[PDB]
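Take a look at this single chain, the form deposited in one PDB entry, given in structure tokens.
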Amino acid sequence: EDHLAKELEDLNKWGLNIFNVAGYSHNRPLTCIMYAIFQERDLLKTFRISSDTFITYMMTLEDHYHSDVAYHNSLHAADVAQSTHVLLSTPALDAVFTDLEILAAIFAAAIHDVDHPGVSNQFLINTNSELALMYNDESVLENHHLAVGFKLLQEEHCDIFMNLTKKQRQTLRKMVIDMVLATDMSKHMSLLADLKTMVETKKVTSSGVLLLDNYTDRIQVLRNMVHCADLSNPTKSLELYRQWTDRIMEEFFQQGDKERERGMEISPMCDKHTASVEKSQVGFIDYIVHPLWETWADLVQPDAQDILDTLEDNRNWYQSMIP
């Protein structure tokens, strides 16, 4: 409505507020945002994607995200897709990516947690879920979100890539698989270490813009971009970040409840009788988020300085919340 258009003014901005846009779109954040993103970047015009076909695909996809799961619902995909959309425009990455790589990264963000059940890879493996057997324990969740998302492009009324070259559907299907698999947290370190090596040997043009050789380097930056977008809640305005903290702790504690119901051992950050929400967020910033964004900032400097500042600041709020 009228509040929707006022909010979508901030589309291309880190301050954008995803809750507000969920409330104004009949609980369809992901469809509203993805649709605004394509228009903005002119993707439908570029890849002859019909608008009907696009809405039908998104709506279906949004509706495969479970709405009774506290954190991994359509809101989070919408968030990660909007965050990625901004990082893609960061000044240090200007004119570096092809249209196809841009469409790949945002699409990756959109389908990247689809059909998530609200339990970890570790849980699903220890309970012998169908999914763990299906996937032999390797990026269980991630391989699944990728299969669902690419299955839904089977219908004609949903094949939004129907007007790419064969070579383009392949080059894309490859980039997406690579980016979603990289959001599996057990790959975090390898990715961070790989990022640090890329910064070490960074090269720019005379105008402070990165020089990325060919495929290998371009997709490593995209890998890392969607992984920062996935771990961007603490770089967002305090009000937004605490609402994200509440939802993730909700989801985590429902998992701790199911673990206990079943005599299994409870993972301490999922234990609702001993885990401080506050200590845990500080830890999450000190050992995972800051190390990553610090490295990202070095790569696109000084574009992410504001982001680093917001982060240290949000850090100290949570620190000051602990006795």
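Definition used throughout: the rigid core is the maximal C-alpha set that superposes within 1.5 Å between two forms. Residues carry their position along the shown sequence, with the first being 1.
Quick note: we don't show the form deposited in another entry, though the next part is all about it.
Just a single entry of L61, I37, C270, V289 exceeds or equals a 2 Å CA shift between this form and the one not shown, which is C270 (rigid core superposed). The Cα-Cα distance between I266 and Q254 is lengthened by 3 Å or more in the other entry relative to the form shown here.
The gap between the Cα atoms of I266 and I125 is smaller in the other entry, by no less than 3 Å, than in this form.
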